[PDB]
$ cat query00.txt   # compact mmCIF, C-alpha atoms
# COMPACT_ATOMS: atom_id res chain seq x y z
CA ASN E 24 -18.62 14.89 -47.49
CA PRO E 25 -21.47 16.90 -45.99
CA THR E 26 -21.60 19.12 -42.95
CA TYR E 27 -24.49 18.08 -40.69
CA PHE E 28 -26.01 21.35 -39.43
CA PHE E 29 -28.30 20.80 -36.48
CA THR E 30 -30.06 23.99 -35.42
CA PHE E 31 -32.08 24.90 -32.34
CA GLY E 32 -34.02 28.08 -31.67
CA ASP E 33 -37.28 29.96 -31.92
CA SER E 34 -39.43 31.72 -34.53
CA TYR E 35 -36.41 33.52 -35.96
CA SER E 36 -35.15 30.07 -36.94
CA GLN E 37 -38.21 27.82 -37.46
CA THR E 38 -38.81 26.22 -40.90
CA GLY E 39 -41.38 23.56 -39.96
CA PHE E 40 -38.89 20.68 -40.34
CA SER E 41 -40.31 17.35 -39.23
CA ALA E 42 -38.13 14.47 -38.09
CA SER E 43 -40.55 12.16 -39.98
CA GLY E 44 -40.64 14.31 -43.13
CA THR E 45 -38.27 13.98 -46.06
CA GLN E 46 -34.75 13.89 -44.64
CA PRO E 47 -31.80 16.00 -45.84
CA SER E 48 -29.73 14.81 -48.77
CA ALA E 49 -27.37 16.28 -51.34
CA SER E 50 -30.30 16.75 -53.74
CA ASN E 51 -32.48 18.25 -50.96
CA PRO E 52 -30.37 19.84 -48.22
CA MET E 53 -33.26 21.21 -46.08
CA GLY E 54 -35.08 17.84 -46.07
CA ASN E 55 -38.52 19.41 -45.49
CA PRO E 56 -40.28 21.59 -46.16
CA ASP E 57 -39.18 23.12 -49.46
CA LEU E 58 -36.57 25.85 -49.05
CA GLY E 59 -38.44 29.09 -48.40
CA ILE E 60 -41.49 27.54 -46.72
CA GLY E 61 -42.32 27.49 -43.02
CA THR E 62 -40.54 30.64 -41.84
CA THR E 63 -41.36 34.05 -40.35
CA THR E 64 -39.72 35.84 -43.30
CA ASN E 65 -41.90 35.26 -46.44
CA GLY E 66 -39.03 33.18 -47.87
CA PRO E 67 -35.83 31.48 -46.75
CA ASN E 68 -34.51 32.41 -43.34
CA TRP E 69 -30.90 32.63 -42.19
CA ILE E 70 -30.59 28.81 -41.94
CA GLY E 71 -31.93 28.32 -45.47
CA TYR E 72 -29.53 30.92 -46.79
CA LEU E 73 -26.56 29.47 -44.87
CA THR E 74 -27.36 25.98 -46.20
CA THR E 75 -28.14 26.71 -49.88
CA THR E 76 -26.75 30.12 -50.79
CA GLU E 77 -23.76 30.94 -48.53
CA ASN E 78 -22.44 27.36 -48.34
CA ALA E 79 -18.89 26.57 -49.55
CA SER E 80 -19.56 22.82 -49.49
CA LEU E 81 -22.51 20.48 -48.95
CA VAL E 82 -24.51 21.45 -45.86
CA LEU E 83 -27.41 19.28 -44.64
CA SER E 84 -29.94 21.11 -42.44
CA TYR E 85 -31.76 19.43 -39.55
CA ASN E 86 -33.68 22.39 -38.15
CA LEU E 87 -35.26 21.64 -34.78
CA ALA E 88 -36.18 25.27 -34.01
CA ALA E 89 -39.79 25.78 -32.89
CA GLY E 90 -41.93 28.90 -32.83
CA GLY E 91 -41.98 30.96 -29.63
CA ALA E 92 -39.42 28.74 -27.90
CA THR E 93 -37.80 29.65 -24.61
CA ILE E 94 -34.77 27.86 -23.16
CA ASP E 95 -36.55 25.69 -20.58
CA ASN E 96 -40.17 25.84 -19.47
CA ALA E 97 -38.93 25.22 -15.91
CA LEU E 98 -37.41 28.73 -16.05
CA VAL E 99 -39.31 31.07 -18.43
CA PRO E 100 -42.13 29.00 -19.98
CA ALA E 101 -43.97 29.54 -23.22
CA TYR E 102 -44.61 26.67 -25.65
CA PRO E 103 -44.09 22.89 -25.35
CA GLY E 104 -41.23 23.01 -27.88
CA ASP E 105 -38.75 24.80 -25.65
CA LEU E 106 -35.02 24.48 -26.29
CA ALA E 107 -34.87 21.56 -23.84
CA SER E 108 -37.48 19.70 -25.93
CA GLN E 109 -35.55 20.39 -29.13
CA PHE E 110 -32.47 18.86 -27.54
CA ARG E 111 -34.67 15.92 -26.49
CA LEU E 112 -35.81 15.44 -30.08
CA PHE E 113 -32.15 15.48 -31.11
CA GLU E 114 -31.39 12.87 -28.42
CA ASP E 115 -34.32 10.67 -29.53
CA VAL E 116 -33.62 10.77 -33.28
CA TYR E 117 -30.14 11.96 -34.27
CA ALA E 118 -27.73 11.73 -31.30
CA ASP E 119 -26.95 8.04 -31.92
CA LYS E 120 -25.76 8.84 -35.48
CA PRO E 121 -28.26 6.79 -37.50
CA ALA E 122 -27.55 5.81 -41.08
CA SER E 123 -29.92 8.65 -42.11
CA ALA E 124 -27.67 11.19 -40.37
CA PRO E 125 -24.27 9.53 -39.81
CA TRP E 126 -22.53 12.54 -38.28
CA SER E 127 -19.20 12.73 -36.47
CA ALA E 128 -17.26 15.25 -34.41
CA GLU E 129 -15.41 16.39 -37.55
CA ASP E 130 -18.49 17.22 -39.66
CA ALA E 131 -21.37 18.22 -37.35
CA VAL E 132 -22.16 21.84 -36.48
CA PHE E 133 -24.67 22.64 -33.73
CA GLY E 134 -26.24 26.09 -34.08
CA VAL E 135 -28.32 27.70 -31.34
CA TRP E 136 -30.25 30.97 -31.50
CA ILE E 137 -32.28 31.36 -28.30
CA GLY E 138 -33.14 34.01 -25.74
CA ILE E 139 -35.50 36.37 -27.59
CA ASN E 140 -38.55 34.95 -25.81
CA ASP E 141 -36.91 34.39 -22.44
CA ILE E 142 -36.00 38.07 -22.38
CA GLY E 143 -39.29 39.21 -23.91
CA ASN E 144 -41.23 37.41 -21.20
CA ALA E 145 -38.99 38.07 -18.18
CA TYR E 146 -37.29 41.46 -18.69
CA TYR E 147 -39.74 43.37 -16.44
CA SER E 148 -40.25 40.73 -13.74
CA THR E 149 -36.72 39.50 -13.01
CA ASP E 150 -33.33 40.91 -12.12
CA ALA E 151 -31.05 40.51 -15.14
CA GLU E 152 -27.81 40.21 -13.14
CA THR E 153 -29.05 37.25 -11.05
CA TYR E 154 -31.64 35.70 -13.38
CA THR E 155 -29.83 35.60 -16.73
CA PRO E 156 -27.00 33.41 -15.30
CA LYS E 157 -29.67 30.77 -14.58
CA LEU E 158 -30.88 30.86 -18.20
CA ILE E 159 -27.31 30.74 -19.51
CA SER E 160 -26.45 27.86 -17.17
CA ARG E 161 -29.37 25.84 -18.50
CA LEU E 162 -28.28 26.56 -22.08
CA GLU E 163 -24.80 25.36 -21.12
CA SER E 164 -26.16 22.10 -19.67
CA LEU E 165 -28.06 21.39 -22.89
CA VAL E 166 -24.90 22.06 -24.91
CA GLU E 167 -23.13 19.62 -22.60
CA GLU E 168 -25.59 16.88 -23.61
CA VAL E 169 -24.56 17.32 -27.25
CA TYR E 170 -20.90 17.41 -26.21
CA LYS E 171 -21.31 14.08 -24.43
CA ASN E 172 -22.78 12.68 -27.68
CA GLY E 173 -19.57 13.75 -29.42
CA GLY E 174 -20.44 17.18 -30.83
CA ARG E 175 -17.46 19.52 -31.03
CA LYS E 176 -18.38 22.42 -33.38
CA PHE E 177 -20.85 25.01 -32.10
CA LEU E 178 -22.41 28.23 -33.37
CA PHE E 179 -24.17 30.57 -30.93
CA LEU E 180 -26.05 33.67 -32.06
CA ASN E 181 -26.58 36.36 -29.48
CA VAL E 182 -29.97 38.01 -29.06
CA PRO E 183 -30.74 40.74 -31.65
CA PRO E 184 -32.36 44.11 -30.73
CA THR E 185 -35.89 42.98 -30.42
CA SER E 186 -36.31 45.93 -28.10
CA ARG E 187 -36.63 47.93 -31.36
CA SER E 188 -39.15 45.57 -32.99
CA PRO E 189 -42.57 47.35 -33.55
CA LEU E 190 -43.98 45.02 -30.83
CA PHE E 191 -41.82 46.72 -28.17
CA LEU E 192 -41.58 50.21 -29.75
CA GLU E 193 -45.38 50.55 -29.36
CA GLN E 194 -45.08 49.77 -25.61
CA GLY E 195 -43.15 53.02 -24.99
CA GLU E 196 -39.58 54.23 -24.97
CA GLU E 197 -39.08 53.33 -21.30
CA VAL E 198 -40.16 49.75 -22.02
CA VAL E 199 -37.75 49.58 -24.98
CA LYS E 200 -35.07 50.84 -22.60
CA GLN E 201 -35.87 48.33 -19.82
CA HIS E 202 -35.91 45.45 -22.33
CA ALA E 203 -32.66 46.56 -24.01
CA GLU E 204 -30.77 46.88 -20.73
CA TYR E 205 -31.89 43.39 -19.69
CA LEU E 206 -30.94 41.96 -23.10
CA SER E 207 -27.47 43.50 -22.94
CA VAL E 208 -26.84 41.68 -19.67
CA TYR E 209 -28.05 38.39 -21.17
CA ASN E 210 -25.74 38.75 -24.18
CA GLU E 211 -22.75 39.55 -21.94
CA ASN E 212 -23.36 36.39 -19.94
CA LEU E 213 -23.82 34.37 -23.14
CA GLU E 214 -20.42 35.52 -24.36
CA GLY E 215 -18.86 34.65 -20.99
CA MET E 216 -20.35 31.16 -21.13
CA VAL E 217 -19.21 30.47 -24.69
CA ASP E 218 -15.69 31.70 -23.87
CA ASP E 219 -15.51 29.62 -20.67
CA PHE E 220 -16.86 26.51 -22.44
CA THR E 221 -14.40 26.88 -25.32
CA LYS E 222 -11.41 27.27 -23.00
CA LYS E 223 -12.44 24.51 -20.56
CA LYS E 224 -13.18 21.81 -23.15
CA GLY E 225 -10.11 22.65 -25.24
CA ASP E 226 -11.22 20.48 -28.18
CA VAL E 227 -14.21 22.45 -29.50
CA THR E 228 -14.52 24.95 -32.34
CA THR E 229 -16.96 27.72 -31.46
CA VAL E 230 -18.36 30.85 -33.07
CA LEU E 231 -20.30 33.51 -31.20
CA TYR E 232 -22.07 35.58 -33.86
CA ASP E 233 -22.96 39.12 -32.76
CA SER E 234 -26.34 39.47 -34.43
CA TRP E 235 -27.10 42.32 -32.03
CA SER E 236 -24.49 44.66 -33.49
CA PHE E 237 -25.35 43.70 -37.08
CA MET E 238 -29.09 44.29 -36.80
CA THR E 239 -28.38 47.46 -34.80
CA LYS E 240 -26.25 48.79 -37.67
CA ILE E 241 -29.19 48.31 -40.02
CA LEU E 242 -31.74 49.81 -37.61
CA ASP E 243 -29.50 52.86 -37.19
CA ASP E 244 -29.08 53.49 -40.95
CA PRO E 245 -31.83 51.57 -42.76
CA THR E 246 -31.60 53.32 -46.14
CA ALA E 247 -27.96 52.24 -46.52
CA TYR E 248 -29.31 48.66 -46.64
CA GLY E 249 -32.24 49.38 -48.97
CA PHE E 250 -34.91 49.82 -46.28
CA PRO E 251 -37.02 53.05 -46.20
CA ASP E 252 -37.09 53.12 -42.39
CA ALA E 253 -36.48 50.94 -39.28
CA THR E 254 -40.11 50.69 -38.12
CA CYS E 255 -42.29 49.67 -41.07
CA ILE E 256 -43.86 46.21 -41.34
CA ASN E 257 -44.47 44.36 -44.61
CA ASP E 258 -45.23 40.70 -45.07
CA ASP E 259 -43.51 40.62 -48.46
CA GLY E 260 -40.32 40.27 -46.38
CA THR E 261 -38.35 42.79 -48.47
CA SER E 262 -40.03 46.20 -48.35
CA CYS E 263 -39.36 46.61 -44.64
CA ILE E 264 -37.00 45.24 -42.03
CA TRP E 265 -39.99 43.66 -40.27
CA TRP E 266 -42.13 40.86 -41.69
CA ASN E 267 -44.58 41.16 -38.79
CA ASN E 268 -44.43 43.18 -35.61
CA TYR E 269 -41.81 40.96 -33.95
CA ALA E 270 -39.74 39.16 -36.63
CA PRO E 271 -37.65 40.39 -39.58
CA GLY E 272 -38.12 39.50 -43.22
CA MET E 273 -36.15 37.49 -45.75
CA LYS E 274 -34.11 40.50 -46.94
CA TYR E 275 -32.83 41.02 -43.43
CA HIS E 276 -32.15 37.29 -43.01
CA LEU E 277 -30.13 37.19 -46.23
CA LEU E 278 -28.08 40.21 -45.19
CA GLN E 279 -27.39 38.48 -41.88
CA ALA E 280 -26.43 35.18 -43.51
CA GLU E 281 -24.06 37.04 -45.82
CA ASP E 282 -22.56 38.82 -42.81
CA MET E 283 -22.20 35.49 -41.03
CA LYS E 284 -20.44 33.55 -43.85
CA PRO E 285 -16.81 34.76 -43.17
CA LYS E 286 -17.18 34.08 -39.42
CA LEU E 287 -18.38 30.47 -40.05
CA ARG E 288 -15.39 29.43 -42.22
CA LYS E 289 -13.83 27.59 -39.26
CA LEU E 290 -17.02 25.50 -38.80
CA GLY E 291 -16.57 23.60 -42.10
CA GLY E 292 -19.44 24.44 -44.44
CA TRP E 293 -18.70 28.05 -45.32
$ encode --input "query00.txt" --output "structure tokens"
Amino acid sequence: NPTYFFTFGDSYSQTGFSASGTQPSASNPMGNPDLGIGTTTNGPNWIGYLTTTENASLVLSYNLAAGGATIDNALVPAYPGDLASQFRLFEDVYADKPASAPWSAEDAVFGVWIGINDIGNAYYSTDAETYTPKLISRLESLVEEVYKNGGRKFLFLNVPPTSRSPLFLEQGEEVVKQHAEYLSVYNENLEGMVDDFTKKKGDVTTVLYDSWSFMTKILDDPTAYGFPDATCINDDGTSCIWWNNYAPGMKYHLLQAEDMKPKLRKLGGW
């Protein structure tokens, strides 16, 4: 009795899963590639950990996240594999509940972690109060596609403090500040949308995971989590918070997955 975990997002979530590669099964929950390959962490990322380490029951991972993704290239563009295109791949391959992935409302969880790149590309050129509602509205319309397919259990991660990634720190404290203020407005509107959606539908189970506060705790007191500082980069994924200048390593991702577990109990696989 598996949980079908369909995930959507950007480089913080990518694993290199192909819809034509080996598909998930009880013996191989990630499908492809091997657990620990294809990430920006030097090992498993939060999805790998949630599926194989923090799981309370069988979780099958269909990870449609793509590197550098924004929500919709008609708003803030970046790469072909925007969130809209990930939802289109879902519609093309999995939405009709094929025998390979015979999901139902009671056992499918749809996880979305998006916004890092929308904010990173638009924080200095747009007005957060009027522009982030347009991004959030497009996210909501994509979620509504999955709802119309019969999805009822949803996990949303808010945007973590990428303002404090080396990539932004090196741009100056006033740039960190401008980015952070924009991001805070985005995350507030994300919470408002998830709350409104949950109340309006009435038959969904939703989790909004506050990755921002969790990562911020670690950035504020890194040595309490086994990190020497909050700024170093190391591609071993464990010596520093940061695997490269913009994405955190596998140690961070495991700490986050462990923090997430209790909050995901209501979703069915944890």
$ residues_around --input "query00.txt" --residues "residue 234 of chain E" --least-positions-apart "6" --cutoff "9 Å" --atoms "all atoms listed in the file" --output "CSV table (one decimal) with C-alpha atoms, in the frame of the given file"
chain,number,residue,atom,x,y,z
E,180,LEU,CA,-26.0,33.7,-32.1
E,181,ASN,CA,-26.6,36.4,-29.5
E,182,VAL,CA,-30.0,38.0,-29.1
E,183,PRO,CA,-30.7,40.7,-31.6
E,184,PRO,CA,-32.4,44.1,-30.7
E,279,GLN,CA,-27.4,38.5,-41.9
E,283,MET,CA,-22.2,35.5,-41.0
$ closest_residue --input "query00.txt" --among "E:93, E:153, E:236, E:43" --to "residue 205 of chain E" --atoms "all atoms listed in the file"
E:153
$ closest_residue --input "query00.txt" --among "E:197, E:218, E:258, E:211" --to "residue 235 of chain E" --atoms "only C-alpha atoms"
E:211
$ closest_residue --input "query00.txt" --among "E:39, E:189, E:90, E:156" --to "residue 67 of chain E" --atoms "all atoms listed in the file"
E:39
$ residues_around --input "query00.txt" --residues "residue 260 of chain E" --least-positions-apart "2" --cutoff "12 Å" --atoms "only C-alpha atoms" --output "list in words"
residues 59, 62, 63, 64, 65, 66, 67, 68, 250, 255, 256, 257, 258, 262, 263, 264, 265, 266, 267, 268, 270, 271, 272, 273, 274, 275, 276 and 277 of chain E
$ closest_residue --input "query00.txt" --among "E:129, E:150, E:252, E:259" --to "residue 176 of chain E" --atoms "only C-alpha atoms"
E:129
$ closest_residue --input "query00.txt" --among "E:185, E:75, E:212, E:126" --to "residue 242 of chain E" --atoms "all atoms listed in the file"
E:185
$ closest_residue --input "query00.txt" --among "E:179, E:40, E:220, E:146" --to "residue 61 of chain E" --atoms "all atoms listed in the file"
E:40
$ atom_distance --input "query00.txt" --atom1 "atom CA of residue 143 of chain E" --atom2 "atom CA of residue 280 of chain E"
23.8 Å
$ atom_distance --input "query00.txt" --atom1 "atom CA of residue 175 of chain E" --atom2 "atom CA of residue 158 of chain E"
21.8 Å
$ atom_distance --input "query00.txt" --atom1 "atom CA of residue 221 of chain E" --atom2 "atom CA of residue 131 of chain E"
16.4 Å
$ axis_aligned_box --input "query00.txt" --around "segment 244-252 of chain E" --padding-each-side "8 Å" --output "AutoDock Vina command-line options"
--center_x -32.5 --center_y 51.1 --center_z -45.0 --size_x 25.1 --size_y 20.8 --size_z 24.0
$ closest_atom_pairs --input "query00.txt" --of "segment 120-157 of chain E" --to "segment 165-172 of chain E" --cutoff "12 Å" --atoms "only C-alpha atoms" --output "tab-separated table"
residue	atom	partner	partner_atom	distance
E:120	CA	E:172	CA	9.2
E:126	CA	E:172	CA	10.6
E:127	CA	E:172	CA	9.5
E:128	CA	E:172	CA	9.1
E:131	CA	E:169	CA	10.6
E:132	CA	E:169	CA	10.6
E:133	CA	E:169	CA	8.4
E:134	CA	E:166	CA	10.1
E:135	CA	E:166	CA	9.2
$ residues_near_point --input "query00.txt" --point "(-35.7, 29.4, -40.9)" --cutoff "6 Å" --atoms "only C-alpha atoms" --output "CSV table (one decimal) with C-alpha atoms, in the coordinates of the input"
chain,number,residue,atom,x,y,z
E,36,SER,CA,-35.2,30.1,-36.9
E,37,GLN,CA,-38.2,27.8,-37.5
E,38,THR,CA,-38.8,26.2,-40.9
E,62,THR,CA,-40.5,30.6,-41.8
E,68,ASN,CA,-34.5,32.4,-43.3
E,69,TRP,CA,-30.9,32.6,-42.2
E,70,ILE,CA,-30.6,28.8,-41.9
$ residues_around --input "query00.txt" --residues "segment 110-117 of chain E" --least-positions-apart "5" --cutoff "8 Å" --atoms "all atoms listed in the file" --output "JSON, numbers by chain"
{"E": [31, 42, 87, 124, 165]}
